[PDB]
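Notes to accompany the following structure.
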Amino acid sequence: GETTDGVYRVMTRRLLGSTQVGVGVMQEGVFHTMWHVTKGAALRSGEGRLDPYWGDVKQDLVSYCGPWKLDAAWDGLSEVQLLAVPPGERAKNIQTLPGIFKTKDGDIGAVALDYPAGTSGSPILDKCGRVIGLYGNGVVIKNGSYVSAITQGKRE
Amino acid sequence: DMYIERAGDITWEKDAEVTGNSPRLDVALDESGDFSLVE
Ligand SMILES: Cc1[nH][nH]c(=O)c1CCO
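So the sequences go chain by chain: A and B. Adding 394 to a residue's 1-based position in the first sequence gives its number in my numbering. Adding 12 to a residue's 1-based position in the second sequence gives its number in my numbering.
This is how it looks when you write it as structure tokens:
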């Protein structure tokens, strides 16, 4: 199937019509998405099949065809871009200065941007176009607003 | 049965729409991968 690097929609025909359940990143022959998008199920790309290779429910990440390849990190100072891919809508870049999630095990960057659930898996980029994490696992704060972690895996 | 469809290249767009705030939040992460607020 199609293996060109880039951002892709994750679709299903199981429900009414064709529904977008999320998004992912193809890089170096491996497809990266969030675990809550596919629940570790196999994927189709044209006539080809993509099998899961690594996954972890707590990190909320999964890779297909090979190990996790994305290793760039937010520098803690600069603005970033969410390359949002909303259901039924064109891919669009949104620039923002991330906030912080402070946890008992360290700090993580966070993006205060609200998009439909089917946008989960959209990549967050630095000024060099490198993917520093995926959008879509976060929290709903006091005023009902949505704040996503900048979720990044480990490159073995 | 899930399938993928290309949506674009991954590139920084010069002069993109700039929005969103930068909140500093105390959070907890459980074994199921759910983030929650800590107060
Ligand atoms: C529940 C959920 N997970 N990821 C998302 O973007 C949402 C909807 C908030 O815009």
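Every residue gets a Cβ at the ideal spot worked out from N, C-alpha and C, and that includes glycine.
ask   = What's the call for A/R443, buried or exposed, on a 16-neighbour Cβ count within 10 Å?
value = exposed
inquiry  = Which residue wins for smallest C-alpha separation from A/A466, given the options A/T398, A/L519, A/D399?
reply    = A/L519
query = Would B/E29 count as contacting chain A if we go by Cβ distances under 7 Å?
reply = yes
inquiry  = Within 8 Å, do at least three Cβ pairs link the stretch 463 to 477 of chain A to the stretch 22 to 33 of chain B?
reply    = yes
task = List the whole-angstrom C-beta distance separating A/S439 from B/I16, where the pair is believed to meet the contact cut-off of C-beta under 8 Å.
result = 5 Å
task = Tell me, please, which residues DSSP counts as bridged to B/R18.
result = A/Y402
message = Check whether chain A comes within 7 Å of B/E17, counting only Cβ atoms and requiring the distance to be less than that.
response = yes
query = Which residues in chain B sit within 9 Å of A/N487, going by Cβ to Cβ distance?
reply = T23, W24, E25, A28, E29
Identity of the residue in B/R36, B/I22, B/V50, B/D42 nearest A/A506 by Cα = B/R36
request  = Quick one: list the residues of chain B neighbouring A/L410, beta-carbon separation under 8 Å, in chain order.
outcome  = Near A/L410 there are no residues of chain B at all, since even the closest Cβ is about 15 Å away, more than 8 Å.
message = Which of the three DSSP states is assigned to A/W462 in this structure?
response = coil
request  = With a threshold of 16 other CB atoms inside 10 Å of the CB of A/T490, please say whether the residue is buried or exposed.
outcome  = buried
ask   = Is A/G434 near ligand 1, going by C-beta to nearest heavy atom under 6 Å?
value = no
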